[PDB]
Enquirer: 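So that we are looking at the same thing, I have put the structure below in structure tokens.
Every heavy atom of this structure was used, including side-chain atoms; hydrogens, water molecules and symmetry mates were not. Chain letters run A, B, ... following the sequence lines, proteins first, then strands; residues in each count from 1.
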Amino acid sequence: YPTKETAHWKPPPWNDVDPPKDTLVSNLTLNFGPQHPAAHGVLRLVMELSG
Amino acid sequence: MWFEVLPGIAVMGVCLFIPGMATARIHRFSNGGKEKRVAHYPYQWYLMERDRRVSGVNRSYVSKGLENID
Amino acid sequence: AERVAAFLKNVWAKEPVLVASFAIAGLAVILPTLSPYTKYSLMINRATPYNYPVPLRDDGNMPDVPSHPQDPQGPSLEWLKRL
Amino acid sequence: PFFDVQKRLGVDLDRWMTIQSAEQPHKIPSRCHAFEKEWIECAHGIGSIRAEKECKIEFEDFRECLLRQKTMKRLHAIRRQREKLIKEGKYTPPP
Amino acid sequence: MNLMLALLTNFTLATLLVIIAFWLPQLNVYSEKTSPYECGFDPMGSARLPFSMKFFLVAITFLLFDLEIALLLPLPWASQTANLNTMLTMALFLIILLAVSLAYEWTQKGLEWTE
Amino acid sequence: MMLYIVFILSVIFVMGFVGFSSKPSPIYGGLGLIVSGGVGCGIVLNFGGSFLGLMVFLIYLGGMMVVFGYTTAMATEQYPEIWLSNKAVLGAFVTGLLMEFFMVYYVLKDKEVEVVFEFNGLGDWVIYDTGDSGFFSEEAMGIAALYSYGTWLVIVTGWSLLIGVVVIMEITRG
Amino acid sequence: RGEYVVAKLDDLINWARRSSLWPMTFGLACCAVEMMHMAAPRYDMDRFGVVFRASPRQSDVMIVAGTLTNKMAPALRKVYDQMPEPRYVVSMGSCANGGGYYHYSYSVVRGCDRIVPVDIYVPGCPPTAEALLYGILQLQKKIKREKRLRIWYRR
Amino acid sequence: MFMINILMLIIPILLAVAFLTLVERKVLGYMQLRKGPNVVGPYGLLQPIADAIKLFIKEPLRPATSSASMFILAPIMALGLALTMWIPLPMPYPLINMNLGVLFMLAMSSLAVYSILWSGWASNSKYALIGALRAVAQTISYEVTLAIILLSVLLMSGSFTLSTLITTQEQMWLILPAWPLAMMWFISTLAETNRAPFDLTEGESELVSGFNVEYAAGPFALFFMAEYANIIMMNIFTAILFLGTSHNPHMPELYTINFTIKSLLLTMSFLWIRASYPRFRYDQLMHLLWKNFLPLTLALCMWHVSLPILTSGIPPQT
Amino acid sequence: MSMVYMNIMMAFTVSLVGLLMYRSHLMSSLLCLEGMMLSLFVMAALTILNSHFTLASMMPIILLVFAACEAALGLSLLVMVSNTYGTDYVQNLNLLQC
Amino acid sequence: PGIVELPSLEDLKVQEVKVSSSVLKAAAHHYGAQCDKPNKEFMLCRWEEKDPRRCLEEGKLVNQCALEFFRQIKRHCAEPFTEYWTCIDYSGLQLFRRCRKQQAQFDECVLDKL
Amino acid sequence: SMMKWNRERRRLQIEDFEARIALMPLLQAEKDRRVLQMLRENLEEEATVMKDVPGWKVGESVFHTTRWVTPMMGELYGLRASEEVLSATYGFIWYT
Ligand SMILES: CCCCCCCCCCCCO[C@@H]1O[C@H](CO)[C@@H](O[C@H]2O[C@H](CO)[C@@H](O)[C@H](O)[C@H]2O)[C@H](O)[C@H]1O
Ligand SMILES: CCCCCCCCCCCCO[C@@H]1O[C@H](CO)[C@@H](O[C@H]2O[C@H](CO)[C@@H](O)[C@H](O)[C@H]2O)[C@H](O)[C@H]1O
Ligand code: SF4
């Protein structure tokens, strides 16, 4: 029984699988140096981290 | 020389000695020259509270001997 | 035999921690059965008097019960003093 | 139980903890042991419908031991009454 | 009361030292001094952004294993029971099952961190 | 006021609950649950259960540590909410504090109160047992019985923890 | 007498500050190697109470040990600004002192005193580890001369 | 008379901690073919005082992005809980005699972790966040093994009371029957106290300063003081556990001398170990505990449950 | 009843209302489940300790054991919800309206 | 619902044993041997009557036997007993194992004279 | 070594437990008199305090059964001073 509230409803996927999203699984960015014991003091190592 | 490290160790040792010595002496002083009573279990507390009443001065560590029987 | 002696040496070479772990856990399960002393453990636990021993009303027909703590009747801990 | 396999097989999976008058370690008794014994023995075997009426006396006592609600009303009334007299200078508690 | 006095004294002294530390020194506050540290260059993004956990599975397992120690801690008291046959069996049964779960998680690669 | 220690701790118990039930950032929600687990330890300890009180405090310290790590990974945002940052959070927080305050105020004033039900405000000491002189801890003997009387309990809990390990590995595998 | 008390209190705080100087773990080029040699066993700066610490929040001294480029200049200013006070700067070597042998370079800051205030200038290319140690001791004697509380008293 | 006793506990602890910093610097110095502090006072004896005064007249900083309340709370909690770990220690008499003194220490140690977690989080900085999450990982690594090791040892002691460990070891040190547990315990306390080769939450060469990178001046000192107070406390705990000292009730000071020497020597080994090894990678720390210590600790717990029963040597409950 | 019961039952009711009144973070609600156990643990412990019902002293321990199982299961699902959407918001879990 | 009967104060008046727990512990082993009869009679009455008010007379004989037992010690072994419980009183846990020598002096005295 | 010493510790524990059992009849006899006296004192001071109150009957049992019931802390230390109530209730739990 269609109504205004259910106008936007759509049938589910045939195999019950909804497409994976990409909501932003962004990495952490870190200035590793220059001022850093392990960066020899003049290395700005820009490093993308997951954990 | 390595023995120049000893003065710092000695000072650290004397500091770590004080808490153990202070607690022992304070317990003797506060308990009439004896070890502070240990009451881990209700029975030991019961005997303590009886000694507090039996003492006559409300002090569980003041103990009465045969001089208190008639 | 050759399958297991071969097997044990492999794990002894690669994972000695697990060989030690399984050997110790195996002993804990097995030795309590083969120990002559395991029976005393339970006798000592029963001989410990956590509760007052409430006396029985002597009805005249109780020879195995004692009248005084120092009578011969009743369990003795002589085995415990020796132990 | 819905399926009384315990009483069928003669096995005790959980009846040992159901009541407080059951056998306890080292024979340590619960505070309301006597009341629960008396209530349980009163109501044994006659069913709840009868027990609710016929064992009422034993259950209210057991309930009084458990929650002590009538004891606290008796003590609350006395403590309130005593202070109502303290201000009026009409009572001197003993040494 | 002894214990509460000891706890009150410990944290009071710690609070007093913080108060001295903040009110005794000469302060000189400006924007560049108090900016977040990241080796001399301005941070890229907020430090409140999600930080992936690669040991997430071990952390959940820690919960289940931490409750085991609560179940095993009473064992020194359980050894005083006369019914020593039952306790020893059940004591060993619990530990073996704890060992079995570790073996299962180990073999299934639950202890290895995700990539 | 020392005869009212258990009640004072129970007040803080509720304040902690209001702290995390208003649902700020889980970082602060975890803190409130730690405070509640601390005074809860003290409340149980004051009825003679030092082991039980210490255990629940220890167990919840481990649980909240894992929650913290999960929060930074899966329940964070740019501006985590303290209790004052959000009207809904603050409104829920204020409502709980006021409800608790009026319950405490009236039960103390009258030495009794009715908060839906009847509660006696004379202090918790009145209901305590008067005859303890055994040479052991009753809480310890009861807990120690898990391994002699509670065979069946040991089996079901032992099995459930093994299944828990198995199940969390099924759930979290893609 | 307030004069006597504040005089003594300056001695106390000055002695504490010069006796516990913690340089930032911060080095730029060649001259950082001689700084490493000053920490090494022969000179053992730590025996003076001079301890390297990486965090600017926990540092008292910035030793600018090497060439400061234009690309590195904002970063050096950032970590200097993030030092709590009191803070001191030691300029080490010709590059940091006034540009040195890259003075006329398009990418080099002609002296680190264009970016930060400098307390002590240590000459050399590089200064020997002992020359740097002399510079640190000269900074200690400068701190020993501070009259903060005497000046506060007479304000 | 109890408040005086409390002060005769806190004040020596802080002074012992301060001079532990000097001793560490000297011992590392000589193990590194140098001298360490020898100018500030004779033999560097005044170096700790200069550091303490210097730090408390240094400007403290509240980072612009930090959560102010937790930023201030965290260092207070660290030092407050560090001092609270000492109140049940029998030397030979405890300040507070506790039935479950062992459990009390497990609870307070677990609560002290949050001073790392909340200081690192409250800083609102990436190196502080990384350091804090290393504390989560490092706690997950060791606590389960650490409590089960205590349980194995207490199956010979018979109770969670710390003073009973003295009675248990009247004839012999517990290190003989339980040296396999003593090794795994000793390593656990290194990870418990965040000490090298497990100095990962601060992890200087990787995270600059880790969880306390944003702390300066007095607030920083509190974390330092707490960290070193736990070094001593956990080596005292180790001495009580495994190297029990005989107690003569009429001359308790003899106990405190021998007990102090053992705890000092254990504390020196922490410095000795720091001078000798590189650092674990924090995922390798987890696998050390969960794949080596835990399988063996579980096996030994079974063994120490069975052994008293099969040898008829169950300790008294009291 | 005693006045401690007033606060503990109040705590249980607070965490129940916190549970039923969701916001966004699924983690925030998982905390309210842990809180509800804590109140149940404390209230059960008080009743058992005060009545001196010795064998029941072990069931608060059992209570905690299954609280961890319940929490661990909740965290396992939160991980999987976060992987799918990148947050733990509960408003994302609305595919099954249709 | 019915008032609770209570004994009068004079009904409860007895000559109490005013010695400290260390004195009792020093004498406990001999005291159990010498006073087992009125003691066990009183214990049997308590576990049967389940009423402190129904055992007062049996309770008074426990005291009268205890006082007589302690008067015997004061007659013959007052000094050796004093060293013994004094040594017990020193210990925080009141341990027998710390006082075996003074226990022997006390034990050989009551054995020889009593 | 640990086996031999623990056995000795068990024998010592039994000797200490037996000493307690010897003294329990005396302690029990004393506990009964103290409880009954404290109740007697409370009853007498109830009489005056609740004298003119309308329908109050002094020392009324809240129980139908006439069986003896052990008093709870309120019934025994109902009117006494806090320091005595505090010692009786929390003294053991708070002792160190
Ligand atoms: C994943 C499932 C894992 C299930 C693993 C279960 C392992 C259980 C192995 C058996 C452990 C107990 O093993 C058993 O212990 C009891 C006492 O402890 C011993 O019992 C022995 O000593 C006791 C008292 O000390 C006596 O009452 C008894 O008559 C005597 O036989 C048994 O001789 C031994 O066989
Ligand atoms: C009852 C207490 C004592 C019982 C011990 C309980 C713990 C048992 C640990 C698990 C044993 C089997 O589970 C584990 O499976 C893996 C296979 O992926 C084995 O092998 C694997 O792991 C090891 C170590 O990570 C690697 O060196 C090896 O490359 C890999 O093949 C492990 O060596 C084995 O330990
Ligand atoms: S001053 Fe000389 S040694 Fe130092 S960095 Fe410049 S060129 Fe290199």
Enquirer: Is it the case that atom OH in E/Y30 sees more than 12 heavy atoms from other parts of the structure closer than 6.0 Å?
Expert: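 More than 12 heavy atoms, drawn from other residues, nucleotides or ligands, come within 6.0 Å of this atom.
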Enquirer: With only heavy atoms counted, which part of G/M83 is less than 4.5 Å from chain E, the side chain, the backbone, both or neither?
Expert: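 Backbone only.
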Enquirer: Return the minimal non-hydrogen interatomic distance between E/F41 and G/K78, and the atom names on each side.
Expert: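 Closest approach of E/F41 to G/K78, heavy atoms only: C-NZ, 4.2 Å.
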Enquirer: Please list, chain by chain and in numerical order, all residues satisfying side chain to side chain donor-acceptor pair (under 3.5 Å) with E/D66, sequence neighbours excluded.
Expert: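 By the side chain to side chain donor-acceptor pair (under 3.5 Å) rule, E/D66 matches no residue at all.
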Enquirer: Can you list the residues of residues 48-61 of chain G that sit under 4.5 Å from chain E, counting heavy atoms only?
Expert: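 The list, in residue order, reads G/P56, G/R57.
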Enquirer: Could you tell me whether the side chain of G/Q82 and the main chain of E/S35 form a donor-acceptor pair under 3.5 Å?
Expert: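 Side chain of G/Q82 to backbone of E/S35: a pair is present.
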Enquirer: Under 6.0 Å from the CZ atom of G/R150, do we count more than 12 heavy atoms belonging to anything else shown?
Expert: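 Check passes, neighbour count above 12.
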Enquirer: Would you find more than 12 non-hydrogen atoms of other residues, nucleotides or ligands less than 6.0 Å from G/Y101 atom OH?
Expert: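 No, not enclosed.
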Enquirer: Could you tell me whether the side chain of E/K33 reaches within less than 4.5 Å of the side chain of G/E85, counting heavy atoms only?
Expert: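 Yes, side chains in contact.
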Enquirer: I'd like to check the side-chain contact (heavy atoms from CB on, under 4.5 Å) partners of G/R77; sequence neighbours left out, ordered by chain and number.
Expert: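 So G/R77 forms a side-chain contact (heavy atoms from CB on, under 4.5 Å) with G/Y80, G/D81, G/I115, G/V116, G/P117.
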Enquirer: For G/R154, enumerate each residue passing the side chain to side chain donor-acceptor pair (under 3.5 Å) test, keeping only those at least two apart in sequence or located in another chain.
Expert: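 Side chain to side chain donor-acceptor pair (under 3.5 Å) list for G/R154, sorted by chain: G/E3.
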Enquirer: Does atom CD of E/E112 have more than 12 heavy-atom neighbours, drawn from other residues, nucleotides or ligands, at distances under 6.0 Å?
Expert: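 Yes, enclosed.
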Enquirer: Please indicate whether E/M1 has more than 12 foreign heavy atoms, meaning atoms of other residues, nucleotides or ligands, lying under 6.0 Å from its CE.
Expert: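 At most 12 heavy atoms, drawn from other residues, nucleotides or ligands, come within 6.0 Å of this atom.
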